[PDB]
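> Let me give you the complex in parts, starting here:
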Amino acid sequence: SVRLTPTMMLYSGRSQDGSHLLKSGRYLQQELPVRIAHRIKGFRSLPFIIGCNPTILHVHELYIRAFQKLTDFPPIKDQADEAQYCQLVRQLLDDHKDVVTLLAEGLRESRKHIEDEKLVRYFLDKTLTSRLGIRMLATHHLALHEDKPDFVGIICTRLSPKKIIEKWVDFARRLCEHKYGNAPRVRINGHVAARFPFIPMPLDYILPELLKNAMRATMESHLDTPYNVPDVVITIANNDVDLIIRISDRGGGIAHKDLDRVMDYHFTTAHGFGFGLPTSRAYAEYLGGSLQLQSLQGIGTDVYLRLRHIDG
């Protein structure tokens, strides 16, 4: 039993013997090295000047190491194997946890050099999303060893969009109060009672990115009245095709002169790395959804996150 992801499946299975764990493990063992190989080919095809960057080189090496360890691992025959594969997966997850940051820093300068601006976008888009895919499958396998209720692996059986939004609201508010002394309140409307099966992992990246953006913009446009700023309003629309989360702020909007730039990696007006929007959009599209911006210059911004529903 499965839940389709692009070109991949999140194994849904329940054998008491623990058989499903072996099927999963063998799947990963079949799937991971291939995808890592594609990422290594991506590094090999980078413009020479960029690929030679020490940080890019470092990540490049990590990916080779990862491929080495994965391929060196013996075919899984029993729980004892699988149990040990999990140790490797965990080590890999941890070794690669800073990869986005390293890529950002590695490319920040090196990218100025080449003529082809969209080449880096293509590379980052492809790399970050393949990576998300890899870490999802990996994390899902590990999660099958857990006995969390309302979870089949990383899949929440009854996810509440409101609850997960509130989780990331509290988080983003704190960051914001720390830097500004206050934070916009956030109201949530629409299908606030919706519950459905869903993988929270993408939400856990995207939502805090969008919230940080909205809060920062609200504060930086109300520097005279930090004690009194307009709410951020979030609207949940749940239908049979997709989930829509609209995040509306009164933070003055995105300027016409920045509009063409904000979806570029490394672009920022400063929370300062410039990856939030491009990464979030790439993630959404990778999962079959989208991320769209509506700027009302001089008033604020509406951001629309759409994510497809799990088939089944």
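Okay, I see it. Numbers count the residues shown, from 1 in each chain, chains lettered A, B, ... in the order given.
> Which strands or helices does the one helix or strand residue A:212 maps to pack on?
Residue A:212 is part of helix A:200-220 when elements are defined by DSSP states H and E. Using 3 or more CB pairs under 8 Å, 6 or more residues apart in numbering; DSSP states H and E, the elements in contact with helix A:200-220 are helix A:117-143, helix A:161-180, strand A:232-238, strand A:242-249, helix A:276-286, strand A:300-308. The way it works is simple: take the backbone N, C-alpha and C, and place the C-beta from them, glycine included.
> Mind checking the ones you listed for the one nearest to residue A:256?
Proximity to residue A:256 (CB to CB) singles out strand A:300-308 among the helices and strands packed on helix A:200-220, at 12.8 Å.
> what residues are up against residue A:57?
Neighbour list for residue A:57: residue A:51 [criterion: CB atoms under 8 Å, 6 or more residues apart in numbering].
> er, residue A:115 actually
Applying CB under 8 Å, 6+ apart to residue A:115 gives no contacts.
> From residue A:267, how far out is it?
18 Å (CB to CB, to the nearest Å).
> Equivalent analysis for residue A:159, please.
32 Å.
> Likewise for residue A:114?
Relative to residue A:267, residue A:114 is positioned 17 Å away (CB to CB).
> same question, residue A:132
Taking CB to CB, one finds residue A:132 at 21 Å from residue A:267.
> is it true that residue A:47 touches residue A:119?
Yes - look at residue A:47 against residue A:119 with CB atoms under 8 Å: they come within range, at 6.9 Å.
> In terms of neighbours, single out the busier of residue A:132 and residue A:267.
With neighbours defined as other CB atoms under 10 Å, residue A:132 and residue A:267 compare such that residue A:132 has more, 20 against 14.
> who's in contact with that one?
Contacts of residue A:132 (CB under 8 Å, 6+ apart): A:201-202, A:205, A:283, A:286.
> quick one: which of the residues you listed is most hemmed in?
Of all the contacts of residue A:132, residue A:283 has the most neighbours under the rule other CB under 10 Å, reaching 24 neighbours.
> show me the contacts for that residue.
A:128-129, A:132, A:202, A:205-206.
> Output stretch A:114-121 in PDB with nothing but the alpha carbons.
Listed next in PDB are the C-alpha coordinates belonging to stretch A:114-121 (Å, rounded to 0.1, in the frame of the first residue of the first chain):
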ATOM      1  CA  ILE A 114      28.500  32.900 -15.100                       C
ATOM      2  CA  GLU A 115      26.400  34.400 -17.900                       C
ATOM      3  CA  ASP A 116      23.500  32.000 -17.500                       C
ATOM      4  CA  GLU A 117      21.400  33.300 -14.600                       C
ATOM      5  CA  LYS A 118      18.700  30.600 -14.900                       C
ATOM      6  CA  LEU A 119      21.300  27.800 -14.700                       C
ATOM      7  CA  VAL A 120      21.600  28.200 -10.900                       C
ATOM      8  CA  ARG A 121      17.900  28.400 -10.500                       C
END
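> Give me the distance from it to the chain's centre.
From the chain centre to the centre of stretch A:114-121 is a distance of 22 Å (CA atoms, centre = their mean, to the nearest Å).
> For that stretch, buried residues please.
Applying a neighbour-count criterion of 16 or more other CB atoms under 10 Å, one finds A:120-121 buried in stretch A:114-121.
> With stretch A:43-62 instead?
For stretch A:43-62, burial by neighbour count (16+ other CB under 10 Å) applies to A:43, A:46-47, A:50, A:53, A:55-56, A:59-60, A:62.
> could you also fit chain B onto it:
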Amino acid sequence: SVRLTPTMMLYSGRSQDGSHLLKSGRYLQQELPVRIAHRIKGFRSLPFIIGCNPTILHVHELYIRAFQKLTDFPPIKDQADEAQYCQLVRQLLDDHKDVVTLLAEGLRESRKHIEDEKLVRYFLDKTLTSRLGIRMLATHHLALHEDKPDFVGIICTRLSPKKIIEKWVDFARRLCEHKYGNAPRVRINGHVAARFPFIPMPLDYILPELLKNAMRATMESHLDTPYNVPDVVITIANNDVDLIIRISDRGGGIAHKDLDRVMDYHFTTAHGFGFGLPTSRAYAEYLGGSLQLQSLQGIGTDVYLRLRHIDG
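Adding chain B to what we have so far:
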């Protein structure tokens, strides 16, 4: 006074004082470093795996050296400067004389690795033609120091297509007799008496390449009667727009299965490097002409070289 080349001009000038030599020299001094820089940017943007190839790296270094020496050279103020610049130009010409071969060998293997097949074509096309441009301008400057009659620099004032074809016929025949014991005869028809101003340099590359192809094909398809093979027939058409040289052989033609490949760098059915056709076409197009093939599978091949006339 000038003769236009793409984005560049072949200085036509005649001062007795030797003033025109300074204008030329200063032009080169202005023009060469820029074009070398573009080629260096081309090397920097090569796929990392290819750019790391030791031979590619070597050529890459040559180009940097070339840029260093050119930029380090002091602005030209007098004949004594110019005279010394010429020494540098000559050294560069000679240091870079094997560059095409080095690139061919450097890429032969490295190119298999990347996904994008047309990326190397674009690189070679751009590099080889920029290089041709550079060596033409350079050689032209040096040639302005000569007192050859019917030559203004590298420009023959009264070039005879028949004479230059015959030059390369004798050359290609010898190569061919050496390898096979005989060589097709060659007949030349059409405007055999034409004479007009023209830069022979491109002809000196293209013609021997096309002739070698035609002769090899004729022999390899007449292995039973090497002592008696069908002529190669060359037709000259001279009009006001362009010069057309048609090289028809009865060498059995280019097979349908090879047709899509023959214009690819490194493709060969063996005179064995696989650069003749792609280089020749790139050269022709760079100069505003073209190179077109008509295959009659089972009979032979017609090759059409078109080169624009010098405006003025």
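> Could you re-examine the contacts of residue A:132 with chain B now present?
A:201-202, A:205, A:283, A:286 (CB atoms under 8 Å, 6 or more residues apart in numbering or on different chains).
> Go again with 6 Å.
residue A:283 (CB atoms under 6 Å, 6 or more residues apart in numbering or on different chains).
> how near is it to residue A:207?
15 Å.
> what's the answer for residue A:305, then?
Computed as CB to CB, the residue A:305 to residue A:207 distance reads 8 Å.
> Residue A:90 now?
25 Å.
> likewise residue A:19?
Distance, residue A:19 to residue A:207, using CB to CB: 36 Å.
> Which of those two has more residues huddled nearby?
Between residue A:19 and residue A:207, counting by other CB atoms under 10 Å in any protein chain shown, residue A:207 is the more crowded of the two (24 against 12).
> Start and end of stretch A:193-203, how far apart?
17 Å (CA to CA, to the nearest Å).
> which bits of chain A sit near chain B?
Residues of chain A lying close to chain B by CB under 6 Å from any CB of the partner chain are A:44-49, A:51, A:114.
> quick one, phi psi at residue A:184?
Main-chain torsions, residue A:184, degrees, to the nearest 10: phi -60, psi 150.
> domains for chain A, by residue range?
Taking curated CATH domains as the criterion, chain A consists of the domains A:1-157, A:158-312.
> So which of the ones you listed is nearest residue B:228?
domain A:1-157 (52.2 Å).
> how far does the closest one sit from the chain's center?
So, by CA atoms, centre = their mean, the centroid of domain A:1-157 is 13 Å from its chain's centroid.
> What of stretch A:298-312?
Going by CA atoms, centre = their mean, where stretch A:298-312 is centred and where its chain is centred differ by 14 Å.
> What lies in contact with it?
Stretch A:298-312 is contacted by residues A:3, A:197, A:210, A:242-251, A:253-254, A:288-295 when judged by CB under 6 Å, 6+ apart.
> Could I have the buried ones of the residues you listed as ChimeraX selection syntax?
Restricted to buried positions by 16 or more other CB atoms under 10 Å in any protein chain shown, the ChimeraX selection for the contacts of stretch A:298-312 reads:
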select /A:3,197,210,243,244,245,246,247,248,249,250,251,253,254,289,291,293,295
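> I'd say residue A:139 and residue A:154 touch.
Yes - with contact defined as CB atoms under 6 Å, residue A:139 and residue A:154 form a contacting pair (5.4 Å).
> neighbour count winner among these two?
Between residue A:139 and residue A:154, residue A:154 has the larger neighbour count (other CB under 10 Å), namely 22 against 17.
> Which part of the stretch 101-250 of chain A gets nearest to chain B, residue-wise?
When scored by CB to the nearest CB, the stretch 101-250 of chain A has residue A:114 as its residue closest to chain B, at 5.2 Å.
> State the distance from residue A:296 to residue A:168.
24 Å.
> Neighbour count: these two, which is higher?
More neighbours surround residue A:168 than the other of residue A:296 and residue A:168, with 20 against 14 (other CB under 10 Å).
> Give me the nearest residue to that one, chain neighbours excluded.
residue A:207 (4.2 Å; CB to CB, 6 or more residues apart in numbering or on different chains).
> element containing the closest residue in space to residue A:166 that isn't next to it in sequence, please.
Of all residues not flanking residue A:166 in the chain, residue A:188 sits nearest, at 7.3 Å (CB to CB, 6+ apart). According to DSSP H and E, residue A:188 maps onto strand A:186-190.
> which residues touch that strand?
Contacts for strand A:186-190 (CB under 6 Å, 6+ apart): A:162, A:169, A:231-237.
> Pull up the pairing partners for it, direction included.
Using DSSP bridges, the strands paired with strand A:186-190 are strand A:232-238 (parallel).
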